[PDB]
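Shown next, in structure tokens, is the structure this report addresses.
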Amino acid sequence: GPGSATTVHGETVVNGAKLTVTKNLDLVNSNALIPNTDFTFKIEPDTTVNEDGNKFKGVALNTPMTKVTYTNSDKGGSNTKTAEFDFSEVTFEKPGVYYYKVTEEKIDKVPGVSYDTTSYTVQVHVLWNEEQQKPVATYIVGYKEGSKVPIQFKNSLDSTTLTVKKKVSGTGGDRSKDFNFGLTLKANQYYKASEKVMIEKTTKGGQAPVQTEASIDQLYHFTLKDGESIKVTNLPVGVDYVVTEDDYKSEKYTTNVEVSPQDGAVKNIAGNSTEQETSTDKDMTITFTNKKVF
């Protein structure tokens, strides 16, 4: 090489018959749990092409779908995964640019996931190869809306919060009494047993909010005084749950429950426990009112 420079008499080889598809899972809550699921990608001959001497409709692949898989254990990781399409076995009859469309298939929709609807046009440049004595997929160019770009799909993972509050009313209500509660989050296919969600308890005085963890499929015990709350801060969407307060009728309390989703319709339950609710993308506030009079 010139002076102190170092000369490499060739290059790193790129496989011009293979196309990488990248999945980026975009978390609205950076602490979100990662659901067990696939993302599927399909490649199809582009029908919209004007078939002249150089441009061709793509030749259909034998395996026109590929996928990436996510599991609960990916949490904390990069949340980027790759798959690949292979064009090496595709028989091209003549040199040309062969056009395909690459999309993400939203077949099994996961609660709280927003699916990328991007459609990439992919040009497979197929050049005559003197060695192999045939037309060969030589390089691949993909583009979205007027820039040649790596093929990436970006799916968004939303999650939610559940806030449980205690309110004491009546002239007989003890505002310094601790009421006992249980929270159960039920496991499903997306989020298995023992995965943990984050819980913050706020008390009304000088102490800062306290952090704890609750396991899916495991009863979580907590207490609340009037005007205190807990908040599940990274509750996944699609998760069934029950909140119950102990029975305080023998201590002369009446208990009612208010189930209030953010922009939704408030729900009043005379009694002691929520139904089995299912978490949605809306923040849920559940208030237990304990009333005592003379």
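Labels used: A, B, ... for chains in the order of the structure tokens, numbers from 1 for residues in each chain, and numbers from 1 for ligands as shown.
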Enumerate, as a PDB file with N, CA and C atoms, in the first residue's frame, the complete set of residues in segment 20-200 of chain A that a backbone-based DSSP assignment places in strand (DSSP E).
ATOM      1  N   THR A  20     -31.625 -10.272   3.800  1.00  0.00           N
ATOM      2  CA  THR A  20     -31.909 -10.228   5.223  1.00  0.00           C
ATOM      3  C   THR A  20     -33.127  -9.349   5.472  1.00  0.00           C
ATOM      4  N   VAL A  21     -34.033  -9.823   6.311  1.00  0.00           N
ATOM      5  CA  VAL A  21     -35.163  -9.026   6.765  1.00  0.00           C
ATOM      6  C   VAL A  21     -34.911  -8.811   8.246  1.00  0.00           C
ATOM      7  N   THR A  22     -35.059  -7.568   8.688  1.00  0.00           N
ATOM      8  CA  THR A  22     -34.848  -7.231  10.072  1.00  0.00           C
ATOM      9  C   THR A  22     -36.153  -6.854  10.783  1.00  0.00           C
ATOM     10  N   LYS A  23     -36.349  -7.419  11.967  1.00  0.00           N
ATOM     11  CA  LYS A  23     -37.468  -7.043  12.818  1.00  0.00           C
ATOM     12  C   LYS A  23     -37.000  -6.234  13.991  1.00  0.00           C
ATOM     13  N   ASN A  24     -37.570  -5.045  14.125  1.00  0.00           N
ATOM     14  CA  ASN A  24     -37.363  -4.245  15.306  1.00  0.00           C
ATOM     15  C   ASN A  24     -38.667  -4.197  16.098  1.00  0.00           C
ATOM     16  N   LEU A  25     -38.607  -4.653  17.339  1.00  0.00           N
ATOM     17  CA  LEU A  25     -39.748  -4.555  18.238  1.00  0.00           C
ATOM     18  C   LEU A  25     -39.587  -3.281  19.079  1.00  0.00           C
ATOM     19  N   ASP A  26     -40.499  -2.334  18.879  1.00  0.00           N
ATOM     20  CA  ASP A  26     -40.447  -0.997  19.464  1.00  0.00           C
ATOM     21  C   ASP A  26     -41.355  -0.920  20.707  1.00  0.00           C
ATOM     22  N   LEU A  27     -40.755  -0.774  21.888  1.00  0.00           N
ATOM     23  CA  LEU A  27     -41.520  -0.776  23.152  1.00  0.00           C
ATOM     24  C   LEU A  27     -41.901   0.622  23.563  1.00  0.00           C
ATOM     25  N   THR A  37     -44.139 -14.915  20.584  1.00  0.00           N
ATOM     26  CA  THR A  37     -44.778 -14.785  19.281  1.00  0.00           C
ATOM     27  C   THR A  37     -43.797 -14.765  18.096  1.00  0.00           C
ATOM     28  N   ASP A  38     -44.347 -15.005  16.914  1.00  0.00           N
ATOM     29  CA  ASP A  38     -43.629 -14.905  15.662  1.00  0.00           C
ATOM     30  C   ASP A  38     -44.023 -13.635  14.923  1.00  0.00           C
ATOM     31  N   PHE A  39     -43.133 -13.190  14.039  1.00  0.00           N
ATOM     32  CA  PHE A  39     -43.482 -12.256  12.984  1.00  0.00           C
ATOM     33  C   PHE A  39     -43.162 -12.905  11.638  1.00  0.00           C
ATOM     34  N   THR A  40     -44.125 -12.921  10.730  1.00  0.00           N
ATOM     35  CA  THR A  40     -43.936 -13.613   9.482  1.00  0.00           C
ATOM     36  C   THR A  40     -43.779 -12.635   8.343  1.00  0.00           C
ATOM     37  N   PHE A  41     -42.881 -12.981   7.427  1.00  0.00           N
ATOM     38  CA  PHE A  41     -42.611 -12.169   6.255  1.00  0.00           C
ATOM     39  C   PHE A  41     -42.837 -12.988   5.003  1.00  0.00           C
ATOM     40  N   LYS A  42     -43.462 -12.365   4.013  1.00  0.00           N
ATOM     41  CA  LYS A  42     -43.750 -13.017   2.745  1.00  0.00           C
ATOM     42  C   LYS A  42     -43.105 -12.244   1.611  1.00  0.00           C
ATOM     43  N   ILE A  43     -42.646 -13.003   0.614  1.00  0.00           N
ATOM     44  CA  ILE A  43     -42.115 -12.461  -0.630  1.00  0.00           C
ATOM     45  C   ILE A  43     -42.924 -12.985  -1.817  1.00  0.00           C
ATOM     46  N   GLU A  44     -43.279 -12.068  -2.709  1.00  0.00           N
ATOM     47  CA  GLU A  44     -44.145 -12.370  -3.837  1.00  0.00           C
ATOM     48  C   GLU A  44     -43.622 -11.704  -5.092  1.00  0.00           C
ATOM     49  N   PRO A  45     -43.769 -12.371  -6.248  1.00  0.00           N
ATOM     50  CA  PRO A  45     -43.485 -11.683  -7.492  1.00  0.00           C
ATOM     51  C   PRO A  45     -44.335 -10.420  -7.569  1.00  0.00           C
ATOM     52  N   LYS A  55     -36.872  -5.704 -17.336  1.00  0.00           N
ATOM     53  CA  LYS A  55     -37.658  -5.852 -16.117  1.00  0.00           C
ATOM     54  C   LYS A  55     -38.559  -7.075 -16.227  1.00  0.00           C
ATOM     55  N   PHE A  56     -38.523  -7.919 -15.194  1.00  0.00           N
ATOM     56  CA  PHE A  56     -39.388  -9.087 -15.115  1.00  0.00           C
ATOM     57  C   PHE A  56     -40.152  -9.147 -13.807  1.00  0.00           C
ATOM     58  N   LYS A  57     -41.375  -9.678 -13.863  1.00  0.00           N
ATOM     59  CA  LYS A  57     -42.051 -10.171 -12.665  1.00  0.00           C
ATOM     60  C   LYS A  57     -41.132 -11.200 -12.035  1.00  0.00           C
ATOM     61  N   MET A  65     -42.118 -17.605   2.526  1.00  0.00           N
ATOM     62  CA  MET A  65     -42.294 -17.031   3.837  1.00  0.00           C
ATOM     63  C   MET A  65     -41.149 -17.430   4.738  1.00  0.00           C
ATOM     64  N   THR A  66     -40.783 -16.500   5.604  1.00  0.00           N
ATOM     65  CA  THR A  66     -39.828 -16.749   6.659  1.00  0.00           C
ATOM     66  C   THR A  66     -40.317 -15.987   7.906  1.00  0.00           C
ATOM     67  N   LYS A  67     -39.644 -16.168   9.039  1.00  0.00           N
ATOM     68  CA  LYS A  67     -40.136 -15.558  10.259  1.00  0.00           C
ATOM     69  C   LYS A  67     -39.063 -15.357  11.305  1.00  0.00           C
ATOM     70  N   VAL A  68     -39.348 -14.477  12.255  1.00  0.00           N
ATOM     71  CA  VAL A  68     -38.575 -14.370  13.479  1.00  0.00           C
ATOM     72  C   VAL A  68     -39.466 -14.705  14.659  1.00  0.00           C
ATOM     73  N   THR A  69     -38.844 -15.190  15.733  1.00  0.00           N
ATOM     74  CA  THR A  69     -39.524 -15.579  16.956  1.00  0.00           C
ATOM     75  C   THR A  69     -39.011 -14.774  18.154  1.00  0.00           C
ATOM     76  N   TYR A  70     -39.948 -14.329  18.991  1.00  0.00           N
ATOM     77  CA  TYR A  70     -39.682 -13.661  20.257  1.00  0.00           C
ATOM     78  C   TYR A  70     -40.201 -14.528  21.398  1.00  0.00           C
ATOM     79  N   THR A  80     -34.198  -6.796  18.448  1.00  0.00           N
ATOM     80  CA  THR A  80     -33.989  -6.875  17.012  1.00  0.00           C
ATOM     81  C   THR A  80     -33.681  -8.341  16.690  1.00  0.00           C
ATOM     82  N   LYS A  81     -34.338  -8.867  15.663  1.00  0.00           N
ATOM     83  CA  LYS A  81     -34.100 -10.218  15.174  1.00  0.00           C
ATOM     84  C   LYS A  81     -34.030 -10.210  13.659  1.00  0.00           C
ATOM     85  N   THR A  82     -33.269 -11.139  13.077  1.00  0.00           N
ATOM     86  CA  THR A  82     -33.221 -11.237  11.617  1.00  0.00           C
ATOM     87  C   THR A  82     -33.719 -12.569  11.071  1.00  0.00           C
ATOM     88  N   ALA A  83     -34.309 -12.495   9.887  1.00  0.00           N
ATOM     89  CA  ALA A  83     -34.548 -13.662   9.055  1.00  0.00           C
ATOM     90  C   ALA A  83     -33.935 -13.368   7.686  1.00  0.00           C
ATOM     91  N   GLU A  84     -34.027 -14.322   6.770  1.00  0.00           N
ATOM     92  CA  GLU A  84     -33.397 -14.207   5.467  1.00  0.00           C
ATOM     93  C   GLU A  84     -34.257 -14.891   4.403  1.00  0.00           C
ATOM     94  N   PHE A  85     -34.319 -14.325   3.197  1.00  0.00           N
ATOM     95  CA  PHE A  85     -34.846 -15.048   2.039  1.00  0.00           C
ATOM     96  C   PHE A  85     -33.681 -15.554   1.191  1.00  0.00           C
ATOM     97  N   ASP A  86     -33.769 -16.800   0.719  1.00  0.00           N
ATOM     98  CA  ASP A  86     -32.717 -17.380  -0.122  1.00  0.00           C
ATOM     99  C   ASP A  86     -33.141 -17.457  -1.592  1.00  0.00           C
ATOM    100  N   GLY A  96     -31.672 -10.255 -15.995  1.00  0.00           N
ATOM    101  CA  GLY A  96     -32.588  -9.135 -15.868  1.00  0.00           C
ATOM    102  C   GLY A  96     -32.794  -8.715 -14.419  1.00  0.00           C
ATOM    103  N   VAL A  97     -33.614  -7.692 -14.235  1.00  0.00           N
ATOM    104  CA  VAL A  97     -33.977  -7.278 -12.903  1.00  0.00           C
ATOM    105  C   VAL A  97     -35.362  -7.848 -12.597  1.00  0.00           C
ATOM    106  N   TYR A  98     -35.421  -8.696 -11.573  1.00  0.00           N
ATOM    107  CA  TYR A  98     -36.645  -9.406 -11.215  1.00  0.00           C
ATOM    108  C   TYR A  98     -37.252  -8.798  -9.957  1.00  0.00           C
ATOM    109  N   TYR A  99     -38.531  -8.458 -10.035  1.00  0.00           N
ATOM    110  CA  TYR A  99     -39.210  -7.640  -9.035  1.00  0.00           C
ATOM    111  C   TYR A  99     -40.146  -8.444  -8.147  1.00  0.00           C
ATOM    112  N   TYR A 100     -39.989  -8.228  -6.842  1.00  0.00           N
ATOM    113  CA  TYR A 100     -40.795  -8.854  -5.808  1.00  0.00           C
ATOM    114  C   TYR A 100     -41.275  -7.790  -4.829  1.00  0.00           C
ATOM    115  N   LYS A 101     -42.323  -8.150  -4.107  1.00  0.00           N
ATOM    116  CA  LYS A 101     -42.777  -7.361  -2.983  1.00  0.00           C
ATOM    117  C   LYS A 101     -42.625  -8.142  -1.686  1.00  0.00           C
ATOM    118  N   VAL A 102     -42.046  -7.482  -0.671  1.00  0.00           N
ATOM    119  CA  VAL A 102     -41.867  -8.055   0.662  1.00  0.00           C
ATOM    120  C   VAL A 102     -42.759  -7.333   1.680  1.00  0.00           C
ATOM    121  N   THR A 103     -43.597  -8.099   2.370  1.00  0.00           N
ATOM    122  CA  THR A 103     -44.516  -7.563   3.366  1.00  0.00           C
ATOM    123  C   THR A 103     -44.373  -8.370   4.683  1.00  0.00           C
ATOM    124  N   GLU A 104     -44.929  -7.851   5.777  1.00  0.00           N
ATOM    125  CA  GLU A 104     -45.077  -8.612   7.017  1.00  0.00           C
ATOM    126  C   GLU A 104     -46.511  -9.114   7.110  1.00  0.00           C
ATOM    127  N   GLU A 105     -46.697 -10.389   7.418  1.00  0.00           N
ATOM    128  CA  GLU A 105     -48.037 -10.952   7.527  1.00  0.00           C
ATOM    129  C   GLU A 105     -48.499 -10.862   8.955  1.00  0.00           C
ATOM    130  N   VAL A 113     -49.848  -5.212  20.193  1.00  0.00           N
ATOM    131  CA  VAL A 113     -48.890  -5.032  19.103  1.00  0.00           C
ATOM    132  C   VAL A 113     -49.505  -4.319  17.897  1.00  0.00           C
ATOM    133  N   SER A 114     -48.814  -3.271  17.453  1.00  0.00           N
ATOM    134  CA  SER A 114     -49.130  -2.596  16.188  1.00  0.00           C
ATOM    135  C   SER A 114     -48.172  -3.069  15.090  1.00  0.00           C
ATOM    136  N   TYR A 120     -42.183  -3.365   0.864  1.00  0.00           N
ATOM    137  CA  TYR A 120     -40.946  -3.143   0.122  1.00  0.00           C
ATOM    138  C   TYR A 120     -41.004  -3.777  -1.269  1.00  0.00           C
ATOM    139  N   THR A 121     -40.511  -3.024  -2.244  1.00  0.00           N
ATOM    140  CA  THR A 121     -40.212  -3.527  -3.561  1.00  0.00           C
ATOM    141  C   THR A 121     -38.758  -3.977  -3.505  1.00  0.00           C
ATOM    142  N   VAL A 122     -38.518  -5.171  -4.008  1.00  0.00           N
ATOM    143  CA  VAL A 122     -37.190  -5.748  -4.035  1.00  0.00           C
ATOM    144  C   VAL A 122     -36.807  -6.066  -5.488  1.00  0.00           C
ATOM    145  N   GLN A 123     -35.664  -5.537  -5.934  1.00  0.00           N
ATOM    146  CA  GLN A 123     -35.091  -5.853  -7.238  1.00  0.00           C
ATOM    147  C   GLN A 123     -33.983  -6.879  -7.059  1.00  0.00           C
ATOM    148  N   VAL A 124     -34.167  -8.044  -7.662  1.00  0.00           N
ATOM    149  CA  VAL A 124     -33.114  -9.056  -7.761  1.00  0.00           C
ATOM    150  C   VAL A 124     -32.397  -8.908  -9.111  1.00  0.00           C
ATOM    151  N   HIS A 125     -31.176  -8.386  -9.076  1.00  0.00           N
ATOM    152  CA  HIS A 125     -30.355  -8.307 -10.281  1.00  0.00           C
ATOM    153  C   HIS A 125     -29.721  -9.634 -10.595  1.00  0.00           C
ATOM    154  N   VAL A 126     -30.142 -10.189 -11.725  1.00  0.00           N
ATOM    155  CA  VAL A 126     -29.712 -11.494 -12.208  1.00  0.00           C
ATOM    156  C   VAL A 126     -28.836 -11.326 -13.459  1.00  0.00           C
ATOM    157  N   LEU A 127     -27.549 -11.608 -13.301  1.00  0.00           N
ATOM    158  CA  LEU A 127     -26.548 -11.348 -14.310  1.00  0.00           C
ATOM    159  C   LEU A 127     -26.037 -12.682 -14.835  1.00  0.00           C
ATOM    160  N   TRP A 128     -25.526 -12.695 -16.071  1.00  0.00           N
ATOM    161  CA  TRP A 128     -24.936 -13.908 -16.638  1.00  0.00           C
ATOM    162  C   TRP A 128     -23.657 -14.255 -15.891  1.00  0.00           C
ATOM    163  N   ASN A 129     -23.553 -15.509 -15.464  1.00  0.00           N
ATOM    164  CA  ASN A 129     -22.358 -15.973 -14.769  1.00  0.00           C
ATOM    165  C   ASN A 129     -21.591 -16.969 -15.628  1.00  0.00           C
ATOM    166  N   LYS A 134     -24.841 -19.837 -16.398  1.00  0.00           N
ATOM    167  CA  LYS A 134     -26.269 -19.575 -16.231  1.00  0.00           C
ATOM    168  C   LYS A 134     -26.499 -18.150 -15.699  1.00  0.00           C
ATOM    169  N   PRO A 135     -27.758 -17.663 -15.744  1.00  0.00           N
ATOM    170  CA  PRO A 135     -28.092 -16.368 -15.136  1.00  0.00           C
ATOM    171  C   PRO A 135     -28.210 -16.506 -13.617  1.00  0.00           C
ATOM    172  N   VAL A 136     -27.510 -15.641 -12.893  1.00  0.00           N
ATOM    173  CA  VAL A 136     -27.323 -15.783 -11.452  1.00  0.00           C
ATOM    174  C   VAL A 136     -27.782 -14.528 -10.706  1.00  0.00           C
ATOM    175  N   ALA A 137     -28.630 -14.725  -9.694  1.00  0.00           N
ATOM    176  CA  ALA A 137     -28.940 -13.683  -8.708  1.00  0.00           C
ATOM    177  C   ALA A 137     -27.622 -13.140  -8.147  1.00  0.00           C
ATOM    178  N   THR A 138     -27.347 -11.875  -8.462  1.00  0.00           N
ATOM    179  CA  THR A 138     -26.027 -11.286  -8.256  1.00  0.00           C
ATOM    180  C   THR A 138     -26.051 -10.204  -7.173  1.00  0.00           C
ATOM    181  N   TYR A 139     -27.063  -9.345  -7.201  1.00  0.00           N
ATOM    182  CA  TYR A 139     -27.288  -8.446  -6.090  1.00  0.00           C
ATOM    183  C   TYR A 139     -28.741  -8.020  -5.963  1.00  0.00           C
ATOM    184  N   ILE A 140     -29.100  -7.628  -4.745  1.00  0.00           N
ATOM    185  CA  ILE A 140     -30.484  -7.370  -4.378  1.00  0.00           C
ATOM    186  C   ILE A 140     -30.649  -5.985  -3.791  1.00  0.00           C
ATOM    187  N   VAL A 141     -31.586  -5.233  -4.356  1.00  0.00           N
ATOM    188  CA  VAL A 141     -31.828  -3.868  -3.889  1.00  0.00           C
ATOM    189  C   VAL A 141     -33.275  -3.757  -3.415  1.00  0.00           C
ATOM    190  N   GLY A 142     -33.467  -3.239  -2.209  1.00  0.00           N
ATOM    191  CA  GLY A 142     -34.804  -3.014  -1.666  1.00  0.00           C
ATOM    192  C   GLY A 142     -35.112  -1.547  -1.419  1.00  0.00           C
ATOM    193  N   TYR A 143     -36.360  -1.155  -1.598  1.00  0.00           N
ATOM    194  CA  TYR A 143     -36.743   0.229  -1.342  1.00  0.00           C
ATOM    195  C   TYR A 143     -38.190   0.335  -0.929  1.00  0.00           C
ATOM    196  N   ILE A 151     -34.141  -3.924   4.462  1.00  0.00           N
ATOM    197  CA  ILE A 151     -35.521  -4.243   4.759  1.00  0.00           C
ATOM    198  C   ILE A 151     -35.691  -4.472   6.261  1.00  0.00           C
ATOM    199  N   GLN A 152     -36.356  -3.507   6.891  1.00  0.00           N
ATOM    200  CA  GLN A 152     -36.660  -3.567   8.312  1.00  0.00           C
ATOM    201  C   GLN A 152     -38.155  -3.345   8.536  1.00  0.00           C
ATOM    202  N   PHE A 153     -38.735  -4.153   9.413  1.00  0.00           N
ATOM    203  CA  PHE A 153     -40.109  -3.948   9.851  1.00  0.00           C
ATOM    204  C   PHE A 153     -40.105  -3.597  11.332  1.00  0.00           C
ATOM    205  N   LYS A 154     -40.962  -2.644  11.674  1.00  0.00           N
ATOM    206  CA  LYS A 154     -40.978  -2.042  12.999  1.00  0.00           C
ATOM    207  C   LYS A 154     -42.365  -2.205  13.576  1.00  0.00           C
ATOM    208  N   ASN A 155     -42.446  -3.077  14.563  1.00  0.00           N
ATOM    209  CA  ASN A 155     -43.675  -3.360  15.256  1.00  0.00           C
ATOM    210  C   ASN A 155     -43.640  -2.720  16.647  1.00  0.00           C
ATOM    211  N   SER A 156     -44.755  -2.137  17.049  1.00  0.00           N
ATOM    212  CA  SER A 156     -44.788  -1.446  18.320  1.00  0.00           C
ATOM    213  C   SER A 156     -45.509  -2.244  19.405  1.00  0.00           C
ATOM    214  N   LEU A 157     -44.879  -2.348  20.562  1.00  0.00           N
ATOM    215  CA  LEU A 157     -45.449  -3.088  21.668  1.00  0.00           C
ATOM    216  C   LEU A 157     -45.892  -2.113  22.727  1.00  0.00           C
ATOM    217  N   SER A 159     -48.173  -1.375  26.241  1.00  0.00           N
ATOM    218  CA  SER A 159     -48.555  -2.040  27.458  1.00  0.00           C
ATOM    219  C   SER A 159     -49.388  -1.049  28.236  1.00  0.00           C
ATOM    220  N   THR A 160     -49.698  -1.350  29.487  1.00  0.00           N
ATOM    221  CA  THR A 160     -50.700  -0.563  30.194  1.00  0.00           C
ATOM    222  C   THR A 160     -50.371  -0.538  31.685  1.00  0.00           C
ATOM    223  N   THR A 161     -51.261   0.048  32.486  1.00  0.00           N
ATOM    224  CA  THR A 161     -51.065   0.182  33.926  1.00  0.00           C
ATOM    225  C   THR A 161     -52.380  -0.175  34.585  1.00  0.00           C
ATOM    226  N   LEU A 162     -52.285  -0.720  35.798  1.00  0.00           N
ATOM    227  CA  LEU A 162     -53.429  -0.961  36.651  1.00  0.00           C
ATOM    228  C   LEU A 162     -53.172  -0.300  37.996  1.00  0.00           C
ATOM    229  N   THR A 163     -54.042   0.628  38.374  1.00  0.00           N
ATOM    230  CA  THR A 163     -53.919   1.361  39.628  1.00  0.00           C
ATOM    231  C   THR A 163     -55.053   0.888  40.530  1.00  0.00           C
ATOM    232  N   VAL A 164     -54.705   0.465  41.742  1.00  0.00           N
ATOM    233  CA  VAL A 164     -55.701   0.112  42.772  1.00  0.00           C
ATOM    234  C   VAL A 164     -55.606   1.128  43.923  1.00  0.00           C
ATOM    235  N   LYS A 165     -56.732   1.779  44.247  1.00  0.00           N
ATOM    236  CA  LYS A 165     -56.812   2.815  45.305  1.00  0.00           C
ATOM    237  C   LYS A 165     -57.774   2.377  46.413  1.00  0.00           C
ATOM    238  N   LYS A 166     -57.497   2.820  47.642  1.00  0.00           N
ATOM    239  CA  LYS A 166     -58.428   2.623  48.757  1.00  0.00           C
ATOM    240  C   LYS A 166     -59.004   3.971  49.136  1.00  0.00           C
ATOM    241  N   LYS A 167     -60.322   3.991  49.301  1.00  0.00           N
ATOM    242  CA  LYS A 167     -61.013   5.165  49.807  1.00  0.00           C
ATOM    243  C   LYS A 167     -61.859   4.760  51.019  1.00  0.00           C
ATOM    244  N   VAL A 168     -61.744   5.516  52.107  1.00  0.00           N
ATOM    245  CA  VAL A 168     -62.567   5.281  53.303  1.00  0.00           C
ATOM    246  C   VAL A 168     -63.558   6.432  53.415  1.00  0.00           C
ATOM    247  N   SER A 169     -64.829   6.103  53.617  1.00  0.00           N
ATOM    248  CA  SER A 169     -65.857   7.118  53.793  1.00  0.00           C
ATOM    249  C   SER A 169     -66.685   6.855  55.036  1.00  0.00           C
ATOM    250  N   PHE A 179     -56.163  -2.097  54.912  1.00  0.00           N
ATOM    251  CA  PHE A 179     -57.049  -3.075  54.310  1.00  0.00           C
ATOM    252  C   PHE A 179     -56.210  -4.034  53.499  1.00  0.00           C
ATOM    253  N   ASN A 180     -56.509  -5.323  53.591  1.00  0.00           N
ATOM    254  CA  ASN A 180     -55.742  -6.339  52.885  1.00  0.00           C
ATOM    255  C   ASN A 180     -56.353  -6.665  51.535  1.00  0.00           C
ATOM    256  N   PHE A 181     -55.474  -6.811  50.543  1.00  0.00           N
ATOM    257  CA  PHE A 181     -55.861  -7.107  49.180  1.00  0.00           C
ATOM    258  C   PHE A 181     -55.046  -8.263  48.594  1.00  0.00           C
ATOM    259  N   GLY A 182     -55.603  -8.886  47.549  1.00  0.00           N
ATOM    260  CA  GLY A 182     -54.875  -9.825  46.703  1.00  0.00           C
ATOM    261  C   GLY A 182     -55.023  -9.500  45.226  1.00  0.00           C
ATOM    262  N   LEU A 183     -53.909  -9.544  44.491  1.00  0.00           N
ATOM    263  CA  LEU A 183     -53.923  -9.382  43.044  1.00  0.00           C
ATOM    264  C   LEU A 183     -53.398 -10.657  42.390  1.00  0.00           C
ATOM    265  N   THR A 184     -54.141 -11.183  41.417  1.00  0.00           N
ATOM    266  CA  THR A 184     -53.678 -12.331  40.634  1.00  0.00           C
ATOM    267  C   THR A 184     -53.650 -11.984  39.132  1.00  0.00           C
ATOM    268  N   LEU A 185     -52.480 -12.111  38.504  1.00  0.00           N
ATOM    269  CA  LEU A 185     -52.362 -12.000  37.047  1.00  0.00           C
ATOM    270  C   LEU A 185     -52.257 -13.402  36.441  1.00  0.00           C
ATOM    271  N   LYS A 196     -42.305 -11.495  35.807  1.00  0.00           N
ATOM    272  CA  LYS A 196     -42.643 -10.503  36.815  1.00  0.00           C
ATOM    273  C   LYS A 196     -43.052  -9.181  36.219  1.00  0.00           C
ATOM    274  N   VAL A 197     -44.028  -8.550  36.863  1.00  0.00           N
ATOM    275  CA  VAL A 197     -44.420  -7.184  36.554  1.00  0.00           C
ATOM    276  C   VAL A 197     -44.043  -6.314  37.738  1.00  0.00           C
ATOM    277  N   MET A 198     -43.816  -5.046  37.442  1.00  0.00           N
ATOM    278  CA  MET A 198     -43.350  -4.082  38.410  1.00  0.00           C
ATOM    279  C   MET A 198     -44.529  -3.412  39.122  1.00  0.00           C
ATOM    280  N   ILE A 199     -44.450  -3.309  40.440  1.00  0.00           N
ATOM    281  CA  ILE A 199     -45.506  -2.648  41.225  1.00  0.00           C
ATOM    282  C   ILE A 199     -44.950  -1.500  42.065  1.00  0.00           C
ATOM    283  N   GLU A 200     -45.583  -0.319  42.004  1.00  0.00           N
ATOM    284  CA  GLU A 200     -45.240   0.800  42.899  1.00  0.00           C
ATOM    285  C   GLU A 200     -46.372   1.106  43.867  1.00  0.00           C
TER     286      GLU A 200
END
Counting only C-alpha atoms, what is within 10 Å of residue 193 of chain A, bar same-chain residues fewer than 5 positions away, as a PDB file with N, CA and C atoms, in the first residue's frame?
ATOM      1  N   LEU A 185     -52.480 -12.111  38.504  1.00  0.00           N
ATOM      2  CA  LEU A 185     -52.362 -12.000  37.047  1.00  0.00           C
ATOM      3  C   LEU A 185     -52.257 -13.402  36.441  1.00  0.00           C
ATOM      4  N   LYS A 186     -53.096 -13.699  35.459  1.00  0.00           N
ATOM      5  CA  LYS A 186     -53.188 -15.073  34.937  1.00  0.00           C
ATOM      6  C   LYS A 186     -52.276 -15.248  33.737  1.00  0.00           C
ATOM      7  N   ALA A 187     -51.558 -16.363  33.706  1.00  0.00           N
ATOM      8  CA  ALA A 187     -50.664 -16.655  32.592  1.00  0.00           C
ATOM      9  C   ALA A 187     -51.448 -16.999  31.335  1.00  0.00           C
ATOM     10  N   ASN A 188     -50.894 -16.667  30.182  1.00  0.00           N
ATOM     11  CA  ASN A 188     -51.448 -17.163  28.914  1.00  0.00           C
ATOM     12  C   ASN A 188     -50.314 -17.505  27.965  1.00  0.00           C
ATOM     13  N   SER A 215     -45.431 -11.932  40.437  1.00  0.00           N
ATOM     14  CA  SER A 215     -45.284 -12.941  39.408  1.00  0.00           C
ATOM     15  C   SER A 215     -46.621 -13.271  38.770  1.00  0.00           C
ATOM     16  N   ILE A 216     -46.597 -13.455  37.458  1.00  0.00           N
ATOM     17  CA  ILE A 216     -47.762 -13.983  36.750  1.00  0.00           C
ATOM     18  C   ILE A 216     -48.109 -15.368  37.299  1.00  0.00           C
ATOM     19  N   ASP A 217     -49.412 -15.584  37.508  1.00  0.00           N
ATOM     20  CA  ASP A 217     -49.973 -16.844  37.995  1.00  0.00           C
ATOM     21  C   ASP A 217     -49.713 -17.065  39.485  1.00  0.00           C
ATOM     22  N   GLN A 218     -49.392 -15.989  40.203  1.00  0.00           N
ATOM     23  CA  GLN A 218     -49.058 -16.062  41.631  1.00  0.00           C
ATOM     24  C   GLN A 218     -49.749 -14.936  42.400  1.00  0.00           C
TER      25      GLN A 218
END
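Of the residues under consideration (A:204, A:158, A:146, A:170), A:158 shows the shortest atom-to-atom contact distance to residue 283 of chain A when counting only C-alpha atoms.
The residue that comes closest to residue 190 of chain A, out of A:209, A:271, A:236, A:172 and on the basis of only C-alpha atoms, is A:236.
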Item to check | Using only C-alpha atoms: which of A:178, A:52, A:130, A:228 has the shortest distance to residue 202 of chain A | outcome: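 Result for the nearest residue to residue 202 of chain A: A:228.
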Item to check | Two-atom distance - atom CA of residue 244 of chain A, atom CA of residue 261 of chain A (Å) | outcome: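 For atom CA of residue 244 of chain A relative to atom CA of residue 261 of chain A, the distance reads 17.5 Å.
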Item to check | Atomic separation - atom CA of residue 266 of chain A relative to atom CA of residue 247 of chain A, Å | outcome: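 Interatomic distance here is 23.0 Å.
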Next on the checklist: I'd like the neighbourhood of residue 253 of chain A as a PyMOL selection string, where a residue qualifies if any of its atoms comes within 9 Å (using only C-alpha atoms), though same-chain residues fewer than 2 positions away should be ignored.
Outcome noted: chain A and resi 172-173+247-251+255+290-293
Residue subset to file, keeping C-alpha atoms, as a short mmCIF file (atom, residue, chain, number, x, y, z; two decimals), in the first residue's frame:
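selection.cif, freshly written:
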data_model
loop_
_atom_site.label_atom_id
_atom_site.label_comp_id
_atom_site.auth_asym_id
_atom_site.auth_seq_id
_atom_site.Cartn_x
_atom_site.Cartn_y
_atom_site.Cartn_z
CA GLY A 172 -67.05 5.81 61.39
CA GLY A 173 -64.32 5.07 58.80
CA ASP A 247 -64.15 -9.12 53.82
CA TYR A 248 -64.62 -6.32 56.37
CA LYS A 249 -68.38 -6.66 57.08
CA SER A 250 -67.79 -7.99 60.62
CA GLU A 251 -65.81 -4.82 61.30
CA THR A 255 -67.26 -2.28 50.39
CA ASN A 290 -64.90 1.09 52.41
CA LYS A 291 -67.74 2.84 54.21
CA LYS A 292 -68.45 2.75 57.93
CA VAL A 293 -71.11 4.73 59.83
#
